[PDB]
Amino acid sequence: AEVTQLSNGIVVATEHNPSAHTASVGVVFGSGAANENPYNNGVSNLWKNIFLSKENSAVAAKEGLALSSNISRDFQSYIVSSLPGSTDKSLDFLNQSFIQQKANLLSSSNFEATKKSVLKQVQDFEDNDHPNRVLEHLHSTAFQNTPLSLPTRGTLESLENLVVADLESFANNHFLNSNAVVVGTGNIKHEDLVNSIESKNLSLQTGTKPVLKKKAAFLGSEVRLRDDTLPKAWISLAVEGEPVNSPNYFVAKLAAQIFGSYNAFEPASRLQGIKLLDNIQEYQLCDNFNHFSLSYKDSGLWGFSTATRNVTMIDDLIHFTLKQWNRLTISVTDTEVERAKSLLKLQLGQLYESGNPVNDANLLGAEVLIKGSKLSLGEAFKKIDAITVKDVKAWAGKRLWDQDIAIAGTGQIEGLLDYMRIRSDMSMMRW
Amino acid sequence: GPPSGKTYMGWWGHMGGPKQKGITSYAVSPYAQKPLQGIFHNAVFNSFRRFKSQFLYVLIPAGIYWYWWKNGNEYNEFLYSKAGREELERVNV
């Protein structure tokens with residue numbers, strides 16, 4: 001009714017839904033693709049993909065289980081999904097996979113069939129998924145020589161250099177209990193799981209903490225992947241944003257909300273009450289964009305992302321947009337702010353209140369790791385609404401106005417201008 | 001706007017050049033660097049290289065020219081001196 005949180009060594013967390021047809025259990029390791037290193041990159045995405053190799057996934061397929069997995073930057077998750085009654089059928093199959101079995105998934109016929117498929121995997125991504133590719137490199141340059149930089153799915157380089165002796169090197173350090181959280185989502189009780197958990201003995205590497213690295217940092221920089229053979233142009237730009245559990249966590253998400261997200265095709269999109277939109281549409285400066293305030297444990301990235309078949313006029317594209325961003329400091333309409341608060345809520349909803357347990361897991365697992373607990377929607381909303389204009393005019397005033405940016409891109413970006421232009425559009429001339 | 005005559009320059013996104021693939025550039029904000037990027041120290045080992053690599057191409061021709069200058073200069077001061085009025089009456093008419 002307010003989400004449960006109790007620890008007997010294994011911090012056991014759950015979240016009940018009485019109208020759910022199914023449920024899900026799993027673990028979340030409080031160390032992700034940003035706890036790795038330059039040459040072991042993709043180790044966390046390698047771990048995910050053995051966990052779903054036909055072997056272990058045929059086991060749980062007779063049982064009636066489905067497994068879910070994802071790696072982030074600050075965190076890393078291993079979830080299993082099934083019918084709510086077969087709730088022990090989950091917990092046991094989890095127990096087998098992470099304390100019982102070890103080299104049953106770590107075969108020299110398994111691992112050389114997973115790594116020979118996480119290699120094709122990260123060779124369609126950087127090959128044909130430019131919007132994320134661009135998005136990923138954006139981190140690489142903004143957070144260069146620092147934790148967040150390492151692409152979550154790992155470089156094809158440090159991904160052909162890795163054997164099983166390396167899957168473990170990360171496992172036995174960062175796959176602990178004092179870095180994990182067990183989650184219960186969907187259609188199960190707190191007294192169903194934490195019972196079935198204290199039912200099982202053993203302890204893996206107790207007392208052990210996972211290790212640390214130099215805290216992340218940010219620096220104004222570019223990286224440009226020109227490719228004049230690609231029909232469009234993809235660009236992503238940002239400033240040093242705000243972390244998870246930062247005073248302006250919501251203030252910053254409200255700002256993103258204002259300019260928001262465009263799709264020049266859906267007539268619905270064309271009518272949004274966004275000021276910037278007035279400009280961009282005249283000549284069709286782009287095909288779409290969208291904003292964001294990506295928050296991570298140590299640092300953040302407020303900016304936006306755009307694709308465009310309009311090559312001669314990208315220079316305006318970036319211009320109109322970064323000028324709008326100036327208003328946030330000097331001239332944002334209050335009535336804009338309300339449409340923000342309003343729309344944030346709708347978005348922040350379909351995020352948190354989707355009828356899909358697997359999401360409510362990672363969400364829970366990550367948050368109850370970093371701050372300890374989760375924060376309720378009513379808590380969030382109570383904050384969103386407190387937000388004045390002055391909220392947004394002092395946040396932009398430090399974060400946005402005349403601060404270093406972080407551009408990245410690919411496709412026909414000859415037209416995308418230089419760094420002393422772009423960066424300079426962070427401000428406006430004053431008397 | 002009537003037709004324009006083709007050249008070998010266009011503006012951004014149609015600059016005129018060949019179709020770039022493979023290169024990947026990286027830079028860093030002019031704010032994000034040491035004021036005085038690299039001055040003195042090893043930035044001057046080049047103020048003698050940017051010199052060496054060329055000086056001959058100037059000195060040699062400057063030389064030829066400055067000695068040729070000095071010569072007939074001397075030669076003129078002579079034939080217009082006492083010791084010279086002889087040669088003059090001959091060279092000059």
# chains A, B, ... in the order shown; residues from 1 in each chain; ligands from 1
$ closest_atom_pairs --of "chain B" --to "chain A" --cutoff "10 Å" --atoms "only C-alpha atoms" --output "JSON lines"
{"residue": "B:11", "atom": "CA", "partner": "A:312", "partner_atom": "CA", "distance": 7.6}
{"residue": "B:12", "atom": "CA", "partner": "A:415", "partner_atom": "CA", "distance": 4.6}
{"residue": "B:13", "atom": "CA", "partner": "A:415", "partner_atom": "CA", "distance": 4.6}
{"residue": "B:14", "atom": "CA", "partner": "A:312", "partner_atom": "CA", "distance": 7.0}
{"residue": "B:15", "atom": "CA", "partner": "A:414", "partner_atom": "CA", "distance": 8.1}
{"residue": "B:18", "atom": "CA", "partner": "A:228", "partner_atom": "CA", "distance": 8.7}
{"residue": "B:19", "atom": "CA", "partner": "A:228", "partner_atom": "CA", "distance": 5.3}
{"residue": "B:20", "atom": "CA", "partner": "A:228", "partner_atom": "CA", "distance": 5.6}
{"residue": "B:21", "atom": "CA", "partner": "A:227", "partner_atom": "CA", "distance": 4.9}
{"residue": "B:22", "atom": "CA", "partner": "A:227", "partner_atom": "CA", "distance": 7.5}
{"residue": "B:23", "atom": "CA", "partner": "A:225", "partner_atom": "CA", "distance": 6.9}
{"residue": "B:24", "atom": "CA", "partner": "A:225", "partner_atom": "CA", "distance": 5.0}
{"residue": "B:25", "atom": "CA", "partner": "A:224", "partner_atom": "CA", "distance": 5.2}
{"residue": "B:26", "atom": "CA", "partner": "A:223", "partner_atom": "CA", "distance": 4.5}
{"residue": "B:27", "atom": "CA", "partner": "A:222", "partner_atom": "CA", "distance": 5.2}
{"residue": "B:28", "atom": "CA", "partner": "A:221", "partner_atom": "CA", "distance": 4.0}
{"residue": "B:29", "atom": "CA", "partner": "A:220", "partner_atom": "CA", "distance": 4.9}
{"residue": "B:30", "atom": "CA", "partner": "A:420", "partner_atom": "CA", "distance": 8.0}
{"residue": "B:31", "atom": "CA", "partner": "A:404", "partner_atom": "CA", "distance": 7.6}
{"residue": "B:32", "atom": "CA", "partner": "A:220", "partner_atom": "CA", "distance": 6.5}
{"residue": "B:33", "atom": "CA", "partner": "A:219", "partner_atom": "CA", "distance": 9.8}
$ write_last_selection --atoms "C-alpha atoms" --output "compact mmCIF listing (two decimals), in the first residue's frame"
# COMPACT_ATOMS: atom_id res chain seq x y z
CA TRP B 11 27.59 26.86 -48.70
CA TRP B 12 27.36 24.45 -45.70
CA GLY B 13 25.60 21.11 -46.39
CA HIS B 14 26.55 21.49 -50.07
CA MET B 15 30.04 22.89 -49.68
CA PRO B 18 33.80 14.79 -51.63
CA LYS B 19 31.60 12.65 -49.50
CA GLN B 20 33.24 12.25 -46.08
CA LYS B 21 33.25 8.84 -44.31
CA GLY B 22 35.64 7.46 -41.73
CA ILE B 23 37.13 10.53 -40.10
CA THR B 24 36.03 11.27 -36.49
CA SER B 25 36.83 14.63 -34.90
CA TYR B 26 37.12 15.61 -31.24
CA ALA B 27 37.53 18.99 -29.54
CA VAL B 28 37.23 20.67 -26.18
CA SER B 29 35.76 23.97 -25.00
CA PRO B 30 38.06 27.00 -25.09
CA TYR B 31 36.86 27.45 -21.50
CA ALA B 32 38.00 23.96 -20.60
CA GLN B 33 41.71 24.57 -21.19
$ residues_around --residues "stretch 342-348 of chain A" --least-positions-apart "3" --cutoff "8 Å" --atoms "only C-alpha atoms" --output "number ranges by chain"
A: 253-254, 257, 338-339, 351-352, 381
$ write_last_selection --atoms "C-alpha atoms" --output "compact mmCIF listing (two decimals), in the first residue's frame"
# COMPACT_ATOMS: atom_id res chain seq x y z
CA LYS A 253 12.69 17.72 -15.66
CA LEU A 254 10.11 20.50 -15.87
CA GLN A 257 9.15 19.27 -20.47
CA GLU A 338 1.98 25.22 -15.99
CA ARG A 339 1.67 23.35 -19.30
CA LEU A 351 6.72 5.89 -16.73
CA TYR A 352 5.80 4.80 -13.19
CA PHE A 381 3.69 15.71 -7.74
$ closest_residue --among "A:74, A:127, A:168, A:15" --to "residue A:98" --atoms "only C-alpha atoms"
A:168
$ select_by_dssp --residues "stretch 66-106 of chain A" --states "strand (DSSP E)" --output "MDAnalysis selection string"
chainID A and resid 66:71 76:82
$ atom_distance --atom1 "atom CA of residue A:200" --atom2 "atom CA of residue A:371"
27.5 Å
$ atom_distance --atom1 "atom CA of residue A:59" --atom2 "atom CA of residue A:20"
25.0 Å
$ residues_around --residues "residue A:401" --least-positions-apart "2" --cutoff "6 Å" --atoms "only C-alpha atoms" --output "number ranges by chain"
A: 397, 403, 426-427
$ write_last_selection --atoms "C-alpha atoms" --output "PDB file, in the first residue's frame"
ATOM      1  CA  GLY A 397      20.659  30.791 -14.560  1.00  0.00           C
ATOM      2  CA  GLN A 403      27.855  27.012 -19.761  1.00  0.00           C
ATOM      3  CA  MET A 426      24.150  29.815 -24.571  1.00  0.00           C
ATOM      4  CA  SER A 427      23.750  33.519 -23.851  1.00  0.00           C
TER       5      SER A 427
END
$ residues_around --residues "residue A:11" --least-positions-apart "3" --cutoff "10 Å" --atoms "only C-alpha atoms" --output "JSON, numbers by chain"
{"A": [5, 6, 7, 8, 177, 178, 179, 180, 181, 182, 183, 194, 368, 369, 372]}
$ write_last_selection --atoms "N, CA, C and O atoms" --output "PDB file, in the first residue's frame"
ATOM      1  N   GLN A   5       9.773  -2.595   2.509  1.00  0.00           N
ATOM      2  CA  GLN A   5      11.231  -2.568   2.547  1.00  0.00           C
ATOM      3  C   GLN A   5      11.803  -3.138   3.850  1.00  0.00           C
ATOM      4  O   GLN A   5      11.852  -2.441   4.866  1.00  0.00           O
ATOM      5  N   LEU A   6      12.246  -4.395   3.812  1.00  0.00           N
ATOM      6  CA  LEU A   6      12.824  -5.054   4.989  1.00  0.00           C
ATOM      7  C   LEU A   6      14.076  -5.891   4.650  1.00  0.00           C
ATOM      8  O   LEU A   6      14.101  -6.607   3.646  1.00  0.00           O
ATOM      9  N   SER A   7      15.102  -5.808   5.499  1.00  0.00           N
ATOM     10  CA  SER A   7      16.367  -6.514   5.262  1.00  0.00           C
ATOM     11  C   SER A   7      16.767  -7.477   6.394  1.00  0.00           C
ATOM     12  O   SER A   7      16.789  -7.103   7.569  1.00  0.00           O
ATOM     13  N   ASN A   8      17.084  -8.717   6.016  1.00  0.00           N
ATOM     14  CA  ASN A   8      17.624  -9.731   6.927  1.00  0.00           C
ATOM     15  C   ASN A   8      19.024 -10.177   6.484  1.00  0.00           C
ATOM     16  O   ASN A   8      19.457 -11.304   6.753  1.00  0.00           O
ATOM     17  N   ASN A 177      25.776  -9.131  -2.314  1.00  0.00           N
ATOM     18  CA  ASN A 177      24.506  -8.851  -1.657  1.00  0.00           C
ATOM     19  C   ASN A 177      24.428  -7.388  -1.216  1.00  0.00           C
ATOM     20  O   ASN A 177      23.372  -6.756  -1.313  1.00  0.00           O
ATOM     21  N   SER A 178      25.558  -6.854  -0.749  1.00  0.00           N
ATOM     22  CA  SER A 178      25.638  -5.479  -0.252  1.00  0.00           C
ATOM     23  C   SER A 178      25.690  -4.477  -1.397  1.00  0.00           C
ATOM     24  O   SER A 178      26.109  -3.335  -1.215  1.00  0.00           O
ATOM     25  N   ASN A 179      25.262  -4.919  -2.575  1.00  0.00           N
ATOM     26  CA  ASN A 179      25.209  -4.072  -3.753  1.00  0.00           C
ATOM     27  C   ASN A 179      23.953  -4.411  -4.546  1.00  0.00           C
ATOM     28  O   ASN A 179      23.702  -3.846  -5.612  1.00  0.00           O
ATOM     29  N   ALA A 180      23.159  -5.333  -4.007  1.00  0.00           N
ATOM     30  CA  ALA A 180      21.969  -5.822  -4.697  1.00  0.00           C
ATOM     31  C   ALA A 180      20.671  -5.538  -3.935  1.00  0.00           C
ATOM     32  O   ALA A 180      20.696  -5.212  -2.746  1.00  0.00           O
ATOM     33  N   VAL A 181      19.544  -5.655  -4.637  1.00  0.00           N
ATOM     34  CA  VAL A 181      18.210  -5.592  -4.032  1.00  0.00           C
ATOM     35  C   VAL A 181      17.254  -6.546  -4.763  1.00  0.00           C
ATOM     36  O   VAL A 181      17.174  -6.543  -5.993  1.00  0.00           O
ATOM     37  N   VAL A 182      16.535  -7.371  -4.010  1.00  0.00           N
ATOM     38  CA  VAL A 182      15.550  -8.259  -4.612  1.00  0.00           C
ATOM     39  C   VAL A 182      14.200  -7.563  -4.702  1.00  0.00           C
ATOM     40  O   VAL A 182      13.751  -6.925  -3.745  1.00  0.00           O
ATOM     41  N   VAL A 183      13.566  -7.677  -5.867  1.00  0.00           N
ATOM     42  CA  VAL A 183      12.322  -6.964  -6.136  1.00  0.00           C
ATOM     43  C   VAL A 183      11.123  -7.888  -6.332  1.00  0.00           C
ATOM     44  O   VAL A 183      11.247  -8.994  -6.862  1.00  0.00           O
ATOM     45  N   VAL A 194       9.471 -12.449   1.070  1.00  0.00           N
ATOM     46  CA  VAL A 194      10.426 -12.400   2.181  1.00  0.00           C
ATOM     47  C   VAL A 194      10.310 -13.626   3.100  1.00  0.00           C
ATOM     48  O   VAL A 194      11.199 -13.899   3.913  1.00  0.00           O
ATOM     49  N   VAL A 368      15.586   2.260  -4.702  1.00  0.00           N
ATOM     50  CA  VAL A 368      15.746   1.767  -3.336  1.00  0.00           C
ATOM     51  C   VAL A 368      17.197   1.383  -3.051  1.00  0.00           C
ATOM     52  O   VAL A 368      17.540   1.013  -1.928  1.00  0.00           O
ATOM     53  N   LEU A 369      18.044   1.471  -4.073  1.00  0.00           N
ATOM     54  CA  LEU A 369      19.470   1.291  -3.884  1.00  0.00           C
ATOM     55  C   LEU A 369      20.128   2.618  -3.519  1.00  0.00           C
ATOM     56  O   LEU A 369      20.837   2.710  -2.514  1.00  0.00           O
ATOM     57  N   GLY A 372      17.725   4.503  -0.850  1.00  0.00           N
ATOM     58  CA  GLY A 372      17.238   3.534   0.115  1.00  0.00           C
ATOM     59  C   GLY A 372      15.814   3.089  -0.157  1.00  0.00           C
ATOM     60  O   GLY A 372      15.518   1.893  -0.154  1.00  0.00           O
TER      61      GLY A 372
END
$ residues_around --residues "stretch 295-308 of chain A" --least-positions-apart "4" --cutoff "9 Å" --atoms "only C-alpha atoms" --output "mmCIF file with N, CA and C atoms, in the first residue's frame"
data_model
loop_
_atom_site.group_PDB
_atom_site.id
_atom_site.type_symbol
_atom_site.label_atom_id
_atom_site.label_comp_id
_atom_site.auth_asym_id
_atom_site.auth_seq_id
_atom_site.Cartn_x
_atom_site.Cartn_y
_atom_site.Cartn_z
ATOM 1 N N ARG A 73 23.674 2.590 -16.484
ATOM 2 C CA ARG A 73 24.989 3.157 -16.213
ATOM 3 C C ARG A 73 25.345 2.993 -14.742
ATOM 4 N N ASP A 74 24.502 3.508 -13.860
ATOM 5 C CA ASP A 74 24.749 3.368 -12.433
ATOM 6 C C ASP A 74 24.351 1.986 -11.908
ATOM 7 N N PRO A 131 20.490 7.378 -33.885
ATOM 8 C CA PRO A 131 19.959 8.201 -32.788
ATOM 9 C C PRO A 131 20.466 7.831 -31.390
ATOM 10 N N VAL A 134 24.497 8.248 -31.599
ATOM 11 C CA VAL A 134 24.806 9.657 -31.370
ATOM 12 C C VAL A 134 24.643 9.971 -29.894
ATOM 13 N N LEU A 135 23.503 9.532 -29.350
ATOM 14 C CA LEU A 135 23.176 9.667 -27.932
ATOM 15 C C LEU A 135 24.255 9.028 -27.045
ATOM 16 N N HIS A 139 27.680 10.932 -24.289
ATOM 17 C CA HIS A 139 28.193 10.657 -22.962
ATOM 18 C C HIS A 139 29.703 10.541 -23.020
ATOM 19 N N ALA A 142 31.149 14.106 -23.207
ATOM 20 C CA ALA A 142 30.758 15.027 -22.136
ATOM 21 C C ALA A 142 31.393 14.560 -20.839
ATOM 22 N N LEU A 148 30.808 7.467 -16.489
ATOM 23 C CA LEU A 148 29.638 7.441 -17.376
ATOM 24 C C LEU A 148 29.979 7.207 -18.848
ATOM 25 N N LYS A 215 35.249 9.496 -8.998
ATOM 26 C CA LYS A 215 33.909 10.013 -9.262
ATOM 27 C C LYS A 215 33.844 10.734 -10.604
ATOM 28 N N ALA A 216 32.706 10.619 -11.283
ATOM 29 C CA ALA A 216 32.578 11.142 -12.637
ATOM 30 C C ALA A 216 32.684 12.674 -12.687
ATOM 31 N N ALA A 217 32.937 13.206 -13.883
ATOM 32 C CA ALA A 217 33.049 14.652 -14.103
ATOM 33 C C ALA A 217 32.722 15.031 -15.557
ATOM 34 N N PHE A 218 32.545 16.335 -15.793
ATOM 35 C CA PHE A 218 31.997 16.845 -17.057
ATOM 36 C C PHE A 218 32.829 18.008 -17.616
ATOM 37 N N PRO A 231 21.384 9.552 -45.537
ATOM 38 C CA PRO A 231 20.212 10.401 -45.815
ATOM 39 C C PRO A 231 19.754 11.465 -44.775
ATOM 40 N N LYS A 232 20.166 11.370 -43.514
ATOM 41 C CA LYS A 232 19.780 12.375 -42.525
ATOM 42 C C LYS A 232 20.970 12.866 -41.740
ATOM 43 N N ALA A 233 20.675 13.583 -40.671
ATOM 44 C CA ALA A 233 21.685 14.154 -39.809
ATOM 45 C C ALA A 233 21.180 14.055 -38.380
ATOM 46 N N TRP A 234 21.974 13.427 -37.523
ATOM 47 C CA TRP A 234 21.551 13.194 -36.149
ATOM 48 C C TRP A 234 22.468 13.975 -35.214
ATOM 49 N N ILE A 235 21.885 14.678 -34.249
ATOM 50 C CA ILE A 235 22.657 15.527 -33.358
ATOM 51 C C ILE A 235 22.032 15.412 -31.980
ATOM 52 N N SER A 236 22.877 15.405 -30.953
ATOM 53 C CA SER A 236 22.420 15.479 -29.562
ATOM 54 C C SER A 236 23.323 16.470 -28.811
ATOM 55 N N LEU A 237 22.760 17.304 -27.941
ATOM 56 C CA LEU A 237 23.513 18.400 -27.312
ATOM 57 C C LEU A 237 23.091 18.510 -25.862
ATOM 58 N N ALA A 238 23.961 18.980 -24.969
ATOM 59 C CA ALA A 238 23.572 19.110 -23.561
ATOM 60 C C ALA A 238 24.575 19.857 -22.712
ATOM 61 N N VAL A 239 24.159 20.201 -21.491
ATOM 62 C CA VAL A 239 25.049 20.780 -20.471
ATOM 63 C C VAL A 239 25.171 19.810 -19.287
ATOM 64 N N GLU A 240 26.092 20.102 -18.361
ATOM 65 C CA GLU A 240 26.171 19.357 -17.100
ATOM 66 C C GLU A 240 24.817 19.453 -16.384
ATOM 67 N N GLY A 241 24.031 18.378 -16.449
ATOM 68 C CA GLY A 241 22.668 18.372 -15.928
ATOM 69 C C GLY A 241 22.496 18.315 -14.411
ATOM 70 N N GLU A 242 21.649 17.399 -13.939
ATOM 71 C CA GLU A 242 21.411 17.220 -12.498
ATOM 72 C C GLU A 242 21.337 15.735 -12.100
ATOM 73 N N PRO A 243 21.945 15.374 -10.956
ATOM 74 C CA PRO A 243 21.934 13.957 -10.565
ATOM 75 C C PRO A 243 20.585 13.465 -10.017
ATOM 76 N N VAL A 244 20.452 12.148 -9.852
ATOM 77 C CA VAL A 244 19.344 11.593 -9.078
ATOM 78 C C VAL A 244 19.559 11.988 -7.619
ATOM 79 N N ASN A 245 18.489 12.430 -6.966
ATOM 80 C CA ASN A 245 18.578 13.083 -5.660
ATOM 81 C C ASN A 245 19.422 14.363 -5.710
ATOM 82 N N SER A 246 19.028 15.260 -6.610
ATOM 83 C CA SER A 246 19.524 16.630 -6.618
ATOM 84 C C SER A 246 18.359 17.551 -6.329
ATOM 85 N N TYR A 249 16.149 18.160 -9.216
ATOM 86 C CA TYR A 249 15.836 16.976 -10.008
ATOM 87 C C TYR A 249 14.558 17.204 -10.796
ATOM 88 N N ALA A 252 14.492 20.567 -13.154
ATOM 89 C CA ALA A 252 15.188 20.307 -14.413
ATOM 90 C C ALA A 252 14.379 19.453 -15.379
ATOM 91 N N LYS A 253 13.514 18.603 -14.834
ATOM 92 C CA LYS A 253 12.690 17.724 -15.659
ATOM 93 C C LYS A 253 11.522 18.523 -16.199
ATOM 94 N N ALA A 256 12.835 20.441 -19.240
ATOM 95 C CA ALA A 256 12.903 19.598 -20.423
ATOM 96 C C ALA A 256 11.521 19.528 -21.042
ATOM 97 N N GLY A 260 10.296 19.887 -24.897
ATOM 98 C CA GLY A 260 9.612 18.616 -25.045
ATOM 99 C C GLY A 260 10.082 17.677 -26.134
ATOM 100 N N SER A 261 9.258 17.484 -27.162
ATOM 101 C CA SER A 261 9.526 16.426 -28.130
ATOM 102 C C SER A 261 8.672 16.577 -29.370
ATOM 103 N N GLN A 284 10.612 23.705 -42.339
ATOM 104 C CA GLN A 284 10.809 22.322 -41.973
ATOM 105 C C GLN A 284 12.297 22.025 -41.698
ATOM 106 N N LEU A 285 12.792 22.660 -40.642
ATOM 107 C CA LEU A 285 14.175 22.597 -40.217
ATOM 108 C C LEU A 285 14.600 21.226 -39.725
ATOM 109 N N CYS A 286 13.619 20.369 -39.458
ATOM 110 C CA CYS A 286 13.921 19.018 -38.996
ATOM 111 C C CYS A 286 12.720 18.093 -39.069
ATOM 112 N N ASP A 287 13.004 16.805 -38.847
ATOM 113 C CA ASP A 287 12.015 15.738 -38.892
ATOM 114 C C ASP A 287 11.494 15.430 -37.506
ATOM 115 N N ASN A 288 12.351 15.587 -36.505
ATOM 116 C CA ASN A 288 11.898 15.443 -35.139
ATOM 117 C C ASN A 288 12.932 15.911 -34.162
ATOM 118 N N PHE A 289 12.505 16.173 -32.937
ATOM 119 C CA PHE A 289 13.444 16.285 -31.827
ATOM 120 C C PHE A 289 12.781 15.828 -30.554
ATOM 121 N N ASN A 290 13.523 15.948 -29.459
ATOM 122 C CA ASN A 290 13.023 15.639 -28.132
ATOM 123 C C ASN A 290 14.043 16.087 -27.098
ATOM 124 N N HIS A 291 13.594 16.399 -25.896
ATOM 125 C CA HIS A 291 14.523 16.876 -24.886
ATOM 126 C C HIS A 291 14.797 15.793 -23.862
ATOM 127 N N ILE A 314 20.458 23.197 -40.878
ATOM 128 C CA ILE A 314 20.790 22.759 -39.525
ATOM 129 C C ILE A 314 21.301 23.930 -38.668
ATOM 130 N N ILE A 370 19.866 3.650 -4.318
ATOM 131 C CA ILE A 370 20.605 4.914 -4.227
ATOM 132 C C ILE A 370 20.207 5.803 -3.042
ATOM 133 N N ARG A 399 22.723 26.544 -14.579
ATOM 134 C CA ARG A 399 22.968 25.329 -15.333
ATOM 135 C C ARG A 399 23.051 25.568 -16.837
ATOM 136 N N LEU A 400 22.245 26.511 -17.328
ATOM 137 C CA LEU A 400 22.008 26.645 -18.765
ATOM 138 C C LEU A 400 22.772 27.808 -19.432
ATOM 139 N N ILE A 405 28.841 23.108 -23.399
ATOM 140 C CA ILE A 405 27.978 22.079 -23.940
ATOM 141 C C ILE A 405 28.767 20.879 -24.451
ATOM 142 N N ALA A 406 28.047 19.958 -25.075
ATOM 143 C CA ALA A 406 28.571 18.642 -25.348
ATOM 144 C C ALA A 406 27.861 18.095 -26.562
#
$ select_by_dssp --residues "stretch 36-214 of chain A" --states "alpha helix (DSSP H)" --output "MDAnalysis selection string"
chainID A and resid 43:50 54:62 88:95 111:114 118:121 125:128 130:142 164:174 190:197
$ write_last_selection --atoms "C-alpha atoms" --output "mmCIF file, in the first residue's frame"
data_model
loop_
_atom_site.group_PDB
_atom_site.id
_atom_site.type_symbol
_atom_site.label_atom_id
_atom_site.label_comp_id
_atom_site.auth_asym_id
_atom_site.auth_seq_id
_atom_site.Cartn_x
_atom_site.Cartn_y
_atom_site.Cartn_z
ATOM 1 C CA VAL A 43 31.174 -7.044 -19.554
ATOM 2 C CA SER A 44 27.813 -6.110 -18.029
ATOM 3 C CA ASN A 45 25.996 -6.533 -21.342
ATOM 4 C CA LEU A 46 27.883 -9.791 -21.837
ATOM 5 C CA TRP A 47 26.571 -11.048 -18.485
ATOM 6 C CA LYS A 48 23.012 -10.158 -19.517
ATOM 7 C CA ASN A 49 23.201 -12.141 -22.747
ATOM 8 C CA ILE A 50 24.379 -15.476 -21.364
ATOM 9 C CA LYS A 54 18.788 -20.651 -25.070
ATOM 10 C CA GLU A 55 20.280 -22.924 -22.367
ATOM 11 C CA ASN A 56 19.019 -21.123 -19.255
ATOM 12 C CA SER A 57 15.975 -19.800 -21.118
ATOM 13 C CA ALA A 58 14.807 -23.279 -22.168
ATOM 14 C CA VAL A 59 15.046 -24.394 -18.525
ATOM 15 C CA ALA A 60 12.636 -21.693 -17.376
ATOM 16 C CA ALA A 61 10.477 -22.272 -20.476
ATOM 17 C CA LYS A 62 9.136 -25.646 -19.334
ATOM 18 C CA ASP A 88 8.596 -19.985 -5.650
ATOM 19 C CA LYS A 89 9.169 -21.129 -9.238
ATOM 20 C CA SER A 90 10.831 -17.716 -9.655
ATOM 21 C CA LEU A 91 12.850 -17.502 -6.439
ATOM 22 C CA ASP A 92 14.339 -21.001 -6.888
ATOM 23 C CA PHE A 93 15.313 -20.463 -10.539
ATOM 24 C CA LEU A 94 16.954 -17.225 -9.413
ATOM 25 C CA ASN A 95 18.778 -19.065 -6.602
ATOM 26 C CA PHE A 111 30.244 -18.261 -23.891
ATOM 27 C CA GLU A 112 31.687 -18.530 -27.407
ATOM 28 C CA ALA A 113 28.148 -18.461 -28.784
ATOM 29 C CA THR A 114 26.988 -15.510 -26.668
ATOM 30 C CA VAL A 118 26.831 -9.714 -28.481
ATOM 31 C CA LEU A 119 29.336 -8.931 -31.202
ATOM 32 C CA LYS A 120 26.746 -8.954 -33.979
ATOM 33 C CA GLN A 121 24.543 -7.122 -31.488
ATOM 34 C CA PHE A 125 23.739 -0.614 -33.225
ATOM 35 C CA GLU A 126 26.742 1.524 -34.088
ATOM 36 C CA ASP A 127 25.991 0.556 -37.678
ATOM 37 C CA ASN A 128 22.298 1.435 -38.066
ATOM 38 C CA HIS A 130 22.371 6.395 -35.184
ATOM 39 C CA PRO A 131 19.959 8.201 -32.788
ATOM 40 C CA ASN A 132 21.235 6.137 -29.843
ATOM 41 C CA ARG A 133 24.690 5.831 -31.328
ATOM 42 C CA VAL A 134 24.806 9.657 -31.370
ATOM 43 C CA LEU A 135 23.176 9.667 -27.932
ATOM 44 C CA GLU A 136 25.767 7.211 -26.628
ATOM 45 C CA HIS A 137 28.868 9.077 -27.906
ATOM 46 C CA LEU A 138 27.364 12.223 -26.304
ATOM 47 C CA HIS A 139 28.193 10.657 -22.962
ATOM 48 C CA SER A 140 31.607 9.570 -24.241
ATOM 49 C CA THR A 141 32.655 13.182 -24.884
ATOM 50 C CA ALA A 142 30.758 15.027 -22.136
ATOM 51 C CA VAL A 164 35.032 -15.909 -19.141
ATOM 52 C CA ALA A 165 37.887 -15.111 -16.748
ATOM 53 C CA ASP A 166 36.675 -11.524 -17.225
ATOM 54 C CA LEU A 167 32.924 -12.163 -16.794
ATOM 55 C CA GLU A 168 33.850 -13.386 -13.325
ATOM 56 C CA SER A 169 36.411 -10.667 -12.509
ATOM 57 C CA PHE A 170 33.401 -8.331 -12.530
ATOM 58 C CA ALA A 171 30.984 -10.876 -11.043
ATOM 59 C CA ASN A 172 32.908 -11.767 -7.863
ATOM 60 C CA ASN A 173 33.536 -8.074 -7.136
ATOM 61 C CA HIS A 174 30.246 -6.416 -7.997
ATOM 62 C CA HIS A 190 5.524 -8.817 0.696
ATOM 63 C CA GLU A 191 4.851 -11.754 3.043
ATOM 64 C CA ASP A 192 4.996 -14.179 0.119
ATOM 65 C CA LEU A 193 8.517 -13.302 -1.019
ATOM 66 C CA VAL A 194 10.426 -12.400 2.181
ATOM 67 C CA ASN A 195 9.075 -15.670 3.587
ATOM 68 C CA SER A 196 10.261 -17.721 0.606
ATOM 69 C CA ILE A 197 13.609 -15.892 0.861
#
$ atom_distance --atom1 "atom CA of residue A:425" --atom2 "atom CA of residue A:280"
16.4 Å
$ closest_residue --among "A:40, A:325, A:205, A:21" --to "residue A:152" --atoms "only C-alpha atoms"
A:40
$ residues_around --residues "residue B:91" --least-positions-apart "5" --cutoff "12 Å" --atoms "only C-alpha atoms" --output "MDAnalysis selection string"
chainID B and resid 75:76 79:80 84:86
